[PDB]
Amino acid sequence: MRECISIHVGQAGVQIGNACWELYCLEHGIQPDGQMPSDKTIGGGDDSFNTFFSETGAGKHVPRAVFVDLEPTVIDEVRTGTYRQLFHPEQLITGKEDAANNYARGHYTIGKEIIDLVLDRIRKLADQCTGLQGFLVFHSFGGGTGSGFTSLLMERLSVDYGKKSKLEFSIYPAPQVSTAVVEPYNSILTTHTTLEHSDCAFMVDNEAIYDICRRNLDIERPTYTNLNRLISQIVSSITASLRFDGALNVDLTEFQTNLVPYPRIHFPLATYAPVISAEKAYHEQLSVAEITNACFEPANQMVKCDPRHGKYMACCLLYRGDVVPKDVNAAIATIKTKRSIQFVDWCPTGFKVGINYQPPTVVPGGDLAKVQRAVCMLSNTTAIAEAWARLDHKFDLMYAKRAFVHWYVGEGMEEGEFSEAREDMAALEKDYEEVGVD
Amino acid sequence: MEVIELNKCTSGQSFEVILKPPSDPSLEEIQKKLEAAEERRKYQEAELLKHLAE
Amino acid sequence: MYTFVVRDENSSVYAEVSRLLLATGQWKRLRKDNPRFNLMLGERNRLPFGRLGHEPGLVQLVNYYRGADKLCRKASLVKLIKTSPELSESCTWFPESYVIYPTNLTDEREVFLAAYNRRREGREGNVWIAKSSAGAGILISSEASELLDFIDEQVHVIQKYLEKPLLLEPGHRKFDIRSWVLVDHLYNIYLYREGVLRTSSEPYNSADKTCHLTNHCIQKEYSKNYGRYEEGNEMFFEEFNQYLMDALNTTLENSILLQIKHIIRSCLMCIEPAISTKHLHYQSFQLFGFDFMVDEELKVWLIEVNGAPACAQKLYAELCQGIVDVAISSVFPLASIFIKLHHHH
Amino acid sequence: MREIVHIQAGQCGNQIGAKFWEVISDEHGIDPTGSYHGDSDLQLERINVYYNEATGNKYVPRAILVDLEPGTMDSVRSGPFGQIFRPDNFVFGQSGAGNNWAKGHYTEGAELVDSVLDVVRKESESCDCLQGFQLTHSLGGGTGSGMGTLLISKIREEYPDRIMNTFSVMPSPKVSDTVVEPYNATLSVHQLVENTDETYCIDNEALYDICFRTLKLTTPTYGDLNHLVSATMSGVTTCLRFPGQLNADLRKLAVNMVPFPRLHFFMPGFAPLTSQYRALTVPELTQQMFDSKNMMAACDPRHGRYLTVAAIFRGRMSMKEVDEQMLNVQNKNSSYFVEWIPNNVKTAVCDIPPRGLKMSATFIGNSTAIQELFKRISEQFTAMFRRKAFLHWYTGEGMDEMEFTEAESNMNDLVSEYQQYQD
């Protein structure tokens, strides 16, 4: 057994993290006070769930997580929330004034004053691990803390834990819920300085989550709570292999091995199905073929884009619930004869499948209905570069006039870093086109 | 379509299906950048105070 | 009040469509770089499809199908027909074609020569034609050596030259049929009732490319009988149908039009899964130009599909209005000239 | 605990500041005695942004009252909610400023500014996390304009890493007290260009027109003008005083609203403006909110382009319909929003409506059309300065003609800077 440490940065990272650990507890039968009746090894053990939870002599299962935010209002929710008993105070780190949606403020000005404290708190959790695999970092692209401080933390983590893997869950900005006009700036700045420090990053576009909530859950004006509930389901499906007995994606290293043949192209596309409204008392349960076929519908992807006009480098199918391999192969064969699935020549045309018999867990009183089987597809498609093109275009529009640039220069950042980060994104876009286009 | 590496346990099973064969900066450098940016802030603020002193 | 942007100033078809939209008083044109548009008359090359359908509260429609180039490229079309089971290499309405990359650069050089020798030995007509998408540069020869050497001098394709074309009388001349097809956001296939025949004003000689290439630009530049028989070497369906009844005792619908509609459906239905925008965050429509060849046996052959075609001068007003009616107004209603080719989605 | 320190200087600044505190005190359930008598926890959620808490569960506004004459501040103390202000926060002299910028900025004001900074320092020292300062004042007088900009300059020197925000009333010949108002306003504008991050431009010409043309007030008074300003100030500060996600503090607001440091002068707007029990639909609020007749700067928005826009909707309404209407405005008039700042319109919603209204909307716009306001002041300034008329009132206080020439050039530069971004 090898431990994983979760790091949540900024409002988006913290709130998403709160929803994930809530779902983890429900899945592993852990009560809000940290007790776990099914765990017979009191105060210890090297079970699969121990990769995310430590154990005290009193039987409390404490998440291996750190919450960081340059403003205390969001983390104070966890300090008095339902699962306040799970985390000890050393795990919750808060500043006083936030980064004001300014990457430079989060990376240089305020980040420089709290970076050592965060690392020391991370070191405490690392010392409790017999064999640490790496870290899972949750954050937004558009926030000043999520973008600026995360990039600073990732750099230091590479220095202090050079051999450990690092995976990201990143929130891509969408105007329908955005809170700042400069979020395209912060997205590119943080992607530039974090690219060489991340082994695998799962981008979630708020636009896609927002529309899925309105379309499939009949939510007129989805809130962050609605969005995070759905995001936590996708995150749970991705991390389920690390927390339950299995043979696929059993460690963080395997994520890179199975999903990332080229280091810079480490942004797999996530697709989830089915998303059913809880208000619908009786819904026709979808079959294995139907939910598998829905994995190739753009309307179910975490990032809106058209994989038909790109090429695949890898593909994993993560099933939860009543699913047997025979039904998966039959659905795959049918899909090949009706879908446009082009792989790169230097990669095999196949799917790595994982099945967990436990069906997806739903938060009581939530918006997601209980389903007998669900699937999350992780595919490394070049089509996800459409999100980079969209983001880079907005960057170009504002930077051509130097709009808002003075806010970043005023924090000590040099104007050259803007063009340096943009040139790196231009190269990233070029790599995708070389791999997916003829 | 070939199924390979079938692993089964109590909580589930995994396998692979193939449809077609194929055809960092050091801590020193980090602190220099952080201090360099902090120094530019001090220079900018000193100029403002100089302007206000005039 | 709907909004649209124009990103292809060289499109004569959509220049009229843009003019008609404004005349309705319900469409407002925006700068070509304004993202808050309902309709985009996009450019021909590198249309930013990735930036479409990401504007909250805006239904966005574009006048091109992403991925349709596979059908509107010489080499792409050949590869699509051979590799697609819906079309198969045994396709009967498409001339035997091969893709030949220049030696200075898969390729089908050895496969082309294998079938070439079979015709030379078999005494059959062994005249082929070489062409590419980088032309106005076409070579017609009966010796494979000249065809391959010409390519080496851009990827080109070589297909069998129809040595027995249907010749119009009086004149003993060649021609080709241009059909305009509109595919809306629902992937309904609308065939414009009005077609045009771009006829050659020179008598066909099977022993000079003026009487072999029916291009309107070549007939008006290198031909000395331009406009002798019909105005601008363009014969419309009304006259052509009358000729077929008087000369061959048949109609255009039975002898030719049935095969044209069959070919249009086969091509468009084949790529439907790859370009359909049924469940996509933006919608697409596109006007296509199909060019066919008719032999002396009244068999229709597909030559090329143009994704950015023009229209006949006399047919601009009617066709462009139909585009706004079925393709634009169907998605953006305001305050038939097509033949619907029904199919299975 | 992001506290804001409020400062109101001069006659106009104190009369509008007093009405502002009266309005928001009612919204938060605070009575004239400082006791809370509300019925919702949302009222106290962010009460500490503007109020300190004293013994006995009393809430004391974090406001400093400044003036070179005692008259107006005596009325505030003897008026509605006058007893709620901290007695030590009344800082006043006896000489006055004679509607003279030099007197407020260089002579009379300099004699008093240190005692004001002492009160500011005392208020800032007891702040857990000071956001910055908001100043209410006019630009046409002497104390608010001259001593107000002197205070800002000295506050920035002592708190350079804090946000400086002002509500600045712009003079107009329609509602004028002295002919020297263009002089005082031009001198103040350059101070604001350099030393503030956010300035809400309130034009007395617009306030009068709204009272007369829209509200049907045949003879508007300053009291009537201040009613509009009170309601506007309450709307623009809604995002600061109640739980929210967008523009929740002064710095984040500045980051969203100010693409260039000097172009930080905003046009405020309010809706509805009725002469009264009829319900106003969400589409109606949106149209009125963007209507020029509901603007406070007397600048035609169609004469320029919006760099950034902040919208605030208050009351119980369909947030879905709010988003639809806001997107309809942007999509039906996209030519008036610059295209090089994507998604430059941000919308916020607050459940608590203002007193007497079920639904309201507040508009905050950064438009290049604001140059019309500075052009107007520049023309009036030059009409007198070309003849050196009335300058002796200023040269008598030590000022030189050169300083007026520099102020004239500085504001013409500001007009030119707005003109380059409008094309």
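We just call them A, B, C and D in the order they show up, numbering each chain from 1.
The definition used in the following text is that a residue touches a chain if its C-beta (ideal position, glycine included) is under 8 Å from a C-beta of that chain, and two chains touch if they have at least 3 such contacts.
Asks: Using only alpha carbons, which chain's centroid is the nearest to the whole structure's centroid?
Replies: Looking at where each chain's C-alpha mean falls, the closest to the middle is A.
Asks: Report which of A-C and C-D is connected by more C-beta pairs in contact.
Replies: Output for the comparison: A-C.
Asks: How many angstrom lie between the centres of subunit A and subunit C, each centre taken as the mean Cα position?
Replies: For subunit A versus subunit C, the centre distance works out to 46 Å.
Asks: Whole-Å distance, subunit C centre to subunit D centre, using C-alpha means?
Replies: Centre-to-centre distance between subunit C and subunit D: 64 Å.
Asks: Between subunit A and subunit B, what's the gap in Å when you average each chain's C-alpha atoms?
Replies: 13
Asks: With chain centres taken as the means of their Cα atoms, state the distance from subunit A to subunit D in Å.
Replies: 43
Asks: Check each residue of subunit C and list the ones that touch at least two other chains.
Replies: Subunit C, residues with two or more chain partners: 56.
Asks: On subunit D, where are the residues touching two or more other chains?
Replies: Residue numbers touching two or more other chains: 323, 339, 342.
Asks: When you check every pair of chains, which ones turn out to touch?
Replies: Every pair of chains in contact is listed here: A-B, A-C, A-D, B-D, C-D.
Asks: Would you tell me which residues of subunit A are touching subunit C in their complex?
Replies: Where subunit A meets subunit C, its residues are 175-176, 207, 297-299, 304-306, 308-309, 338-340, 385-386, 389-390, 393.
Asks: For subunit C, which residues are in contact with subunit D within the complex?
Replies: 1, 3, 30-31, 33-36, 56-58
Asks: Once bound in the complex, which stretches of subunit A touch subunit D?
Replies: Residues 96-97, 100-102, 175-176, 178-182, 184, 220-221, 394, 397-398, 400-404, 406-407.
Asks: List the residues on subunit C that touch subunit A in their complex, please.
Replies: 48-51, 53-54, 56, 66-67, 273-275, 279-281
Asks: What part of subunit B is in contact with subunit A in the complex they form?
Replies: Those residues of subunit B that touch subunit A are 1, 3, 5-7, 9-27, 30, 34, 36-41, 44.
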